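All remarks here apply to the structure that follows.
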Amino acid sequence: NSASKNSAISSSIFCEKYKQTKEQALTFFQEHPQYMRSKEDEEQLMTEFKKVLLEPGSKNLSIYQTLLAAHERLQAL
Amino acid sequence: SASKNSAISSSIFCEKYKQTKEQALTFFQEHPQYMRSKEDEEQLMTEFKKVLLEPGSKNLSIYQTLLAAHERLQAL
Ligand SMILES: [Cl-]
Ligand SMILES: [Cl-]
Ligand SMILES: [Cl-]
Ligand SMILES: [Cl-]
Ligand SMILES: [Cl-]
Ligand SMILES: [Cl-]
Ligand SMILES: [Cl-]
Ligand SMILES: [Cl-]
Ligand SMILES: [Cl-]
Ligand code: NA
């Protein structure tokens with residue numbers, strides 16, 4: 001009954017059964033279609049997203065919340 | 001397409017950063033009752049599955065939904 005065993009069970013429910021991460025990512029891109037119109041904008045978003053995911057302040061945030069943070073950081077430049 | 005960008009972003013979040021696996025491990029390290037008691041862990045998984053069905057939870061992380069499940073067990 002370890003943290004590892006419980007992480008495996010809970011992550012499989014969230015990610016493999018519910019597929020929450022993929023659902024959230026699709027929601028974000030449906031709400032922000034500029035990222036499908038400009039390869040350059042998507043590259044910029046993926047750079048900001050990879051930076052957000054390095055931050056300990058972002059460690060417990062969802063893909064939706066971190067994509068949205070990446071988008072907002074692009075807008076605030 | 002939105003599906004292509006979604007797939008790439010999810011691949012970065014899931015497999016490059018391991019964010020969900022790290023969040024689940026963080027949660028369990030912070031809530032040792034669930035490693036000490038198999039009964040508590042089974043109740044948490046029951047509640048967690050219920051939280052994940054709620055539209056209000058659709059954009060929340062695995063950490064935030066495990067916390068919400070935990071708080072529901074404490075509120076009963
Ligand atoms: Cl998946
Ligand atoms: Cl997966
Ligand atoms: Cl997923
Ligand atoms: Cl370029
Ligand atoms: Cl994931
Ligand atoms: Cl995934
Ligand atoms: Cl995962
Ligand atoms: Cl508590
Ligand atoms: Cl509390
Ligand atoms: Na643009």
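Naming scheme: A, B, ... for chains in displayed order of the structure tokens; residues 1 onward per chain; ligands 1 onward as shown.
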Could you give me, as a tab-separated table, every chain A residue with an atom at most 12 Å from ligand 3, plus its closest atom pair and distance in Å to one decimal, counting only C-alpha atoms and all ligand atoms, rows ordered by chain then number?
residue	atom	partner	partner_atom_place_in_ligand_line	distance
A:11	CA	ligand 3	1 (Cl)	9.3
A:12	CA	ligand 3	1 (Cl)	9.0
A:13	CA	ligand 3	1 (Cl)	9.4
A:14	CA	ligand 3	1 (Cl)	6.9
A:15	CA	ligand 3	1 (Cl)	3.9
A:16	CA	ligand 3	1 (Cl)	6.0
A:17	CA	ligand 3	1 (Cl)	8.1
A:18	CA	ligand 3	1 (Cl)	6.9
A:19	CA	ligand 3	1 (Cl)	3.3
A:20	CA	ligand 3	1 (Cl)	4.7
A:21	CA	ligand 3	1 (Cl)	3.8
A:22	CA	ligand 3	1 (Cl)	4.2
A:23	CA	ligand 3	1 (Cl)	6.7
A:24	CA	ligand 3	1 (Cl)	8.2
A:25	CA	ligand 3	1 (Cl)	8.8
A:26	CA	ligand 3	1 (Cl)	10.4
A:62	CA	ligand 3	1 (Cl)	11.0
A:63	CA	ligand 3	1 (Cl)	9.7
A:64	CA	ligand 3	1 (Cl)	11.6
Go ahead and save the picked residues with N, CA, C and O atoms, as a compact mmCIF listing (two decimals), in the first residue's frame.
# COMPACT_ATOMS: atom_id res chain seq x y z
N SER A 11 -3.12 7.45 -10.90
CA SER A 11 -2.73 8.06 -12.18
C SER A 11 -3.40 7.28 -13.31
O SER A 11 -3.80 7.89 -14.31
N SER A 12 -3.52 5.96 -13.20
CA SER A 12 -4.18 5.17 -14.27
C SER A 12 -5.67 5.54 -14.35
O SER A 12 -6.16 5.68 -15.42
N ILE A 13 -6.31 5.74 -13.21
CA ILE A 13 -7.72 6.21 -13.22
C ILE A 13 -7.78 7.57 -13.93
O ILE A 13 -8.58 7.76 -14.85
N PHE A 14 -6.93 8.53 -13.55
CA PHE A 14 -7.04 9.90 -14.06
C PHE A 14 -6.72 9.92 -15.56
O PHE A 14 -7.34 10.63 -16.35
N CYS A 15 -5.62 9.25 -15.93
CA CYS A 15 -4.99 9.39 -17.25
C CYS A 15 -5.40 8.29 -18.23
O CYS A 15 -5.40 8.59 -19.46
N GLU A 16 -5.59 7.07 -17.79
CA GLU A 16 -5.85 5.95 -18.70
C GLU A 16 -7.36 5.63 -18.78
O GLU A 16 -7.82 5.28 -19.85
N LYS A 17 -8.11 5.82 -17.70
CA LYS A 17 -9.57 5.52 -17.66
C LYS A 17 -10.36 6.78 -18.05
O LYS A 17 -11.13 6.77 -19.04
N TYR A 18 -10.20 7.85 -17.29
CA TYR A 18 -10.89 9.13 -17.54
C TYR A 18 -10.30 9.92 -18.70
O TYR A 18 -10.95 10.74 -19.31
N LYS A 19 -8.99 9.78 -18.90
CA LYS A 19 -8.24 10.54 -19.94
C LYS A 19 -8.41 12.05 -19.73
O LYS A 19 -8.59 12.80 -20.69
N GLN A 20 -8.31 12.49 -18.47
CA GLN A 20 -8.54 13.91 -18.15
C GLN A 20 -7.53 14.82 -18.85
O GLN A 20 -7.91 15.92 -19.28
N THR A 21 -6.24 14.47 -18.89
CA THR A 21 -5.22 15.36 -19.49
C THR A 21 -5.54 15.62 -20.97
O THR A 21 -5.53 16.76 -21.39
N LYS A 22 -5.80 14.57 -21.74
CA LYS A 22 -6.11 14.77 -23.15
C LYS A 22 -7.40 15.58 -23.34
O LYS A 22 -7.46 16.38 -24.21
N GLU A 23 -8.38 15.33 -22.48
CA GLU A 23 -9.64 16.08 -22.60
C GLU A 23 -9.39 17.56 -22.34
O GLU A 23 -9.89 18.43 -23.09
N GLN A 24 -8.57 17.86 -21.33
CA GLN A 24 -8.26 19.25 -20.94
C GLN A 24 -7.48 19.94 -22.06
O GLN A 24 -7.74 21.11 -22.38
N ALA A 25 -6.47 19.29 -22.60
CA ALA A 25 -5.68 19.85 -23.69
C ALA A 25 -6.58 20.17 -24.88
O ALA A 25 -6.47 21.26 -25.46
N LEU A 26 -7.45 19.24 -25.25
CA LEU A 26 -8.37 19.48 -26.39
C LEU A 26 -9.23 20.71 -26.07
O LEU A 26 -9.42 21.57 -26.97
N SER A 62 -3.01 21.60 -13.36
CA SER A 62 -3.43 20.72 -14.46
C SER A 62 -2.82 21.12 -15.79
O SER A 62 -2.32 22.25 -15.94
N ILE A 63 -2.92 20.26 -16.81
CA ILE A 63 -2.51 20.69 -18.18
C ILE A 63 -3.34 21.88 -18.60
O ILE A 63 -2.83 22.74 -19.28
N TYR A 64 -4.66 21.92 -18.28
CA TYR A 64 -5.46 23.07 -18.72
C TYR A 64 -4.85 24.35 -18.12
O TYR A 64 -4.70 25.35 -18.79
Which residues, written as a PDB file with N, CA and C atoms, in the first residue's frame, have at least one atom at most 10 Å from residue 2 (chain A), with only C-alpha atoms counted and residues fewer than 4 positions away on the same chain left out?
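See out36.pdb below for the written result:
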ATOM      1  N   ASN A   6      -0.033   3.447  -4.981  1.00  0.00           N
ATOM      2  CA  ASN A   6      -1.221   4.336  -5.007  1.00  0.00           C
ATOM      3  C   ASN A   6      -1.134   5.387  -6.120  1.00  0.00           C
ATOM      4  N   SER A   7       0.066   5.939  -6.370  1.00  0.00           N
ATOM      5  CA  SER A   7       0.309   6.831  -7.535  1.00  0.00           C
ATOM      6  C   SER A   7      -0.079   6.066  -8.804  1.00  0.00           C
ATOM      7  N   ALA A   8       0.369   4.815  -8.966  1.00  0.00           N
ATOM      8  CA  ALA A   8       0.105   4.018 -10.188  1.00  0.00           C
ATOM      9  C   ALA A   8      -1.402   3.830 -10.337  1.00  0.00           C
TER      10      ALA A   8
ATOM     11  N   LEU B  25       2.182  11.136  -6.421  1.00  0.00           N
ATOM     12  CA  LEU B  25       3.163  10.754  -5.380  1.00  0.00           C
ATOM     13  C   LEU B  25       3.208  11.826  -4.287  1.00  0.00           C
ATOM     14  N   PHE B  28       0.190  11.463  -1.967  1.00  0.00           N
ATOM     15  CA  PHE B  28       0.257  10.325  -1.032  1.00  0.00           C
ATOM     16  C   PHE B  28       1.335  10.556   0.037  1.00  0.00           C
ATOM     17  N   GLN B  29       2.495  11.095  -0.342  1.00  0.00           N
ATOM     18  CA  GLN B  29       3.515  11.408   0.676  1.00  0.00           C
ATOM     19  C   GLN B  29       2.930  12.362   1.736  1.00  0.00           C
ATOM     20  N   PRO B  32      -0.230  10.374   4.609  1.00  0.00           N
ATOM     21  CA  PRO B  32       0.223   9.021   4.905  1.00  0.00           C
ATOM     22  C   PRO B  32      -0.891   8.103   5.424  1.00  0.00           C
ATOM     23  N   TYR B  34      -3.297   7.130   3.899  1.00  0.00           N
ATOM     24  CA  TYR B  34      -3.733   6.280   2.770  1.00  0.00           C
ATOM     25  C   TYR B  34      -2.719   5.172   2.477  1.00  0.00           C
ATOM     26  N   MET B  35      -1.501   5.309   2.997  1.00  0.00           N
ATOM     27  CA  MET B  35      -0.515   4.211   2.898  1.00  0.00           C
ATOM     28  C   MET B  35      -0.555   3.343   4.165  1.00  0.00           C
ATOM     29  N   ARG B  36      -1.077   3.895   5.265  1.00  0.00           N
ATOM     30  CA  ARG B  36      -1.157   3.199   6.559  1.00  0.00           C
ATOM     31  C   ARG B  36      -2.418   2.329   6.584  1.00  0.00           C
ATOM     32  N   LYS B  38      -5.361   0.511   4.203  1.00  0.00           N
ATOM     33  CA  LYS B  38      -5.904   0.087   2.899  1.00  0.00           C
ATOM     34  C   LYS B  38      -7.403   0.463   2.801  1.00  0.00           C
TER      35      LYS B  38
END
Determine, using only C-alpha atoms and all ligand atoms, which residues of chain B have any atom at most 6 Å from an atom of ligand 7, and tabulate each with its shortest atom pair and distance in Å to one decimal place, rows ordered by chain and then rising number, as CSV.
residue,atom,partner,partner_atom_place_in_ligand_line,distance
B:14,CA,ligand 7,1 (Cl),5.5
B:20,CA,ligand 7,1 (Cl),4.8
B:21,CA,ligand 7,1 (Cl),5.0
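If you look at CA of residue 70 (chain B) and CA of residue 45 (chain B), they are 9.4 Å away from each other.
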Pull the closest atom pair for each residue of chain B that gets at most 9 Å from ligand 5, along with the distance in Å to one decimal, counting only C-alpha atoms and all ligand atoms, ordering rows by chain and then ascending residue number, as CSV.
residue,atom,partner,partner_atom_place_in_ligand_line,distance
B:10,CA,ligand 5,1 (Cl),6.6
B:11,CA,ligand 5,1 (Cl),7.9
B:12,CA,ligand 5,1 (Cl),9.0
B:13,CA,ligand 5,1 (Cl),6.1
B:14,CA,ligand 5,1 (Cl),4.0
B:15,CA,ligand 5,1 (Cl),7.6
B:18,CA,ligand 5,1 (Cl),7.1
B:19,CA,ligand 5,1 (Cl),6.6
B:20,CA,ligand 5,1 (Cl),4.9
B:21,CA,ligand 5,1 (Cl),7.4
B:61,CA,ligand 5,1 (Cl),8.9
B:62,CA,ligand 5,1 (Cl),8.5
Selection file, C-alpha atoms, as a PDB file, in the first residue's frame:
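File written: again.pdb
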ATOM      1  CA  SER B  10      -0.375  15.910 -23.372  1.00  0.00           C
ATOM      2  CA  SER B  11       2.774  13.996 -24.369  1.00  0.00           C
ATOM      3  CA  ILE B  12       4.938  16.778 -22.833  1.00  0.00           C
ATOM      4  CA  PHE B  13       2.851  16.921 -19.642  1.00  0.00           C
ATOM      5  CA  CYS B  14       2.496  13.140 -19.185  1.00  0.00           C
ATOM      6  CA  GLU B  15       5.683  11.525 -20.477  1.00  0.00           C
ATOM      7  CA  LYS B  18       5.638  13.076 -15.549  1.00  0.00           C
ATOM      8  CA  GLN B  19       3.447  15.776 -13.944  1.00  0.00           C
ATOM      9  CA  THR B  20       0.461  13.540 -13.040  1.00  0.00           C
ATOM     10  CA  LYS B  21       2.619  10.730 -11.607  1.00  0.00           C
ATOM     11  CA  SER B  61      -5.227  18.266 -11.835  1.00  0.00           C
ATOM     12  CA  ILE B  62      -4.841  14.858 -10.215  1.00  0.00           C
TER      13      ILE B  62
END
Quiz item: Can I get the residues close to ligand 9 as a list in words, where close means within 12 Å and we count only C-alpha atoms and all ligand atoms?
Solution: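 So, counting only C-alpha atoms and all ligand atoms, the residues near ligand 9 are residues 31, 67, 68, 69, 70, 71, 72, 73, 74 and 75 of chain B.
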Deliver the residues from the most recent selection as a file, using N, CA and C atoms, as an mmCIF file, in the first residue's frame.
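out31.cif was written with the following content:
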data_model
loop_
_atom_site.group_PDB
_atom_site.id
_atom_site.type_symbol
_atom_site.label_atom_id
_atom_site.label_comp_id
_atom_site.auth_asym_id
_atom_site.auth_seq_id
_atom_site.Cartn_x
_atom_site.Cartn_y
_atom_site.Cartn_z
ATOM 1 N N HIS B 31 -0.201 12.624 2.677
ATOM 2 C CA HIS B 31 -1.419 12.053 3.303
ATOM 3 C C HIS B 31 -1.142 10.606 3.650
ATOM 4 N N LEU B 67 -7.091 15.890 -3.532
ATOM 5 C CA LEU B 67 -7.353 16.714 -2.338
ATOM 6 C C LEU B 67 -8.872 16.833 -2.150
ATOM 7 N N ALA B 68 -9.593 17.097 -3.220
ATOM 8 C CA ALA B 68 -11.063 17.283 -3.119
ATOM 9 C C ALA B 68 -11.696 15.984 -2.606
ATOM 10 N N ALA B 69 -11.242 14.831 -3.090
ATOM 11 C CA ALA B 69 -11.751 13.514 -2.626
ATOM 12 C C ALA B 69 -11.481 13.333 -1.128
ATOM 13 N N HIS B 70 -10.248 13.629 -0.705
ATOM 14 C CA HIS B 70 -9.862 13.572 0.708
ATOM 15 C C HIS B 70 -10.765 14.463 1.555
ATOM 16 N N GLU B 71 -10.992 15.691 1.103
ATOM 17 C CA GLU B 71 -11.787 16.646 1.900
ATOM 18 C C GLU B 71 -13.231 16.129 1.972
ATOM 19 N N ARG B 72 -13.704 15.505 0.912
ATOM 20 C CA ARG B 72 -15.072 14.924 0.966
ATOM 21 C C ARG B 72 -15.120 13.813 2.021
ATOM 22 N N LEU B 73 -14.143 12.938 2.086
ATOM 23 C CA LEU B 73 -14.183 11.866 3.121
ATOM 24 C C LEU B 73 -14.178 12.477 4.517
ATOM 25 N N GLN B 74 -13.438 13.546 4.720
ATOM 26 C CA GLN B 74 -13.377 14.215 6.035
ATOM 27 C C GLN B 74 -14.672 14.948 6.349
ATOM 28 N N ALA B 75 -15.440 15.337 5.334
ATOM 29 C CA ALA B 75 -16.668 16.139 5.539
ATOM 30 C C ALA B 75 -17.853 15.225 5.829
#
